[PDB]
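Structure 1 and structure 2, given next as structure tokens, are two forms of the same protein chain, each shown alone.
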Structure 1
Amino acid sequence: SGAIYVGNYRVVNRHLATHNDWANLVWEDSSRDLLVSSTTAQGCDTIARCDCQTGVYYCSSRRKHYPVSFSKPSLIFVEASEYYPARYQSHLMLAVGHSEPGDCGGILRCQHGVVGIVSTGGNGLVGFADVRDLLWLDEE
């Protein structure tokens, strides 16, 4: 689990969104595994607006933050799962790192701010849903 709290927005994995998230919906995209809902309180996270390919992510199944090198956001085939049919997921970045299903939502960050959240994994890989192109998260 986990979310990004920027401005009056809560960014979560679409597959982990709550009923309250759907009832306060701003935007969602199944092809990216992202959903954004509105919040009453202002958050403290800042979104990175950069080209970093190195950063640090939080792994809840280890209670640890790990430094990683990650690929540029791309269209990657993601196997049918209990959350989606077999499909290509867009804006996904891969790295070598430990992950388990409940690690989704952990933040990946660089020196500029939050880069994305854990969305996929297995066999010593971890995939992150990028948010750096979502410029509207910085306004309204």
Structure 2
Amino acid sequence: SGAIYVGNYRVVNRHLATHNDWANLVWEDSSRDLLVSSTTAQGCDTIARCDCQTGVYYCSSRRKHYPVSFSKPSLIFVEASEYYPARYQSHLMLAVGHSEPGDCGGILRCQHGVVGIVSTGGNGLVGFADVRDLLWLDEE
């Protein structure tokens, strides 16, 4: 589990979005595993605006943050997980690291801020849903 709290937006994995999220929906995209909802209180996070390929992510299944190198966001085939069938996911970055389903929502960060959230795992990789292209998160 986990979210990004930027301005008055909550960014969650689409597959972990709650009824309140859907009832306060700003934007969602199944192909990216992302959903954004409204918040009453302003959040503490800053979104990275960069093309970094190194950062640090939180792995809840290890209670640890790990430094990783990651691929640029792309359209990637993802094998079946407990929460999605095998399918293509867009805007996905991969690193070598540990990720189980419950790790979804952990933040990947670089020197510029939040890069994305854990979205995929298995076979010794962790996949992150990028948010750095979502420039509208920084206003309004």
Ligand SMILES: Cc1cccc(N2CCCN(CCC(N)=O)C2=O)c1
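Start at 1 and count along the sequence of structure 1; that gives the residue numbers used here. Here, rigid core means the biggest group of C-alpha atoms that superpose within 1.5 Å across both forms. Residues that one form lacks are left out of the comparison.
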Checklist entry - Looking at both, which one would you say is the form deposited with the named molecule bound? => result 1
Next on the checklist: Can you tell which residue in 90, 81, 38, 69 has its CA shifted by 2 Å or more between structure 1 and structure 2 when the core is superposed?
Outcome noted: 81
Item to check | Core-fitted comparison between structure 1 and structure 2 - CA shift at residue 129, Å | outcome: 0.2
Checklist entry - Can you list the runs of 3 or more residues whose CA atoms move by 2 Å or more between structure 1 and structure 2, with the rigid core superposed? => result 79-87
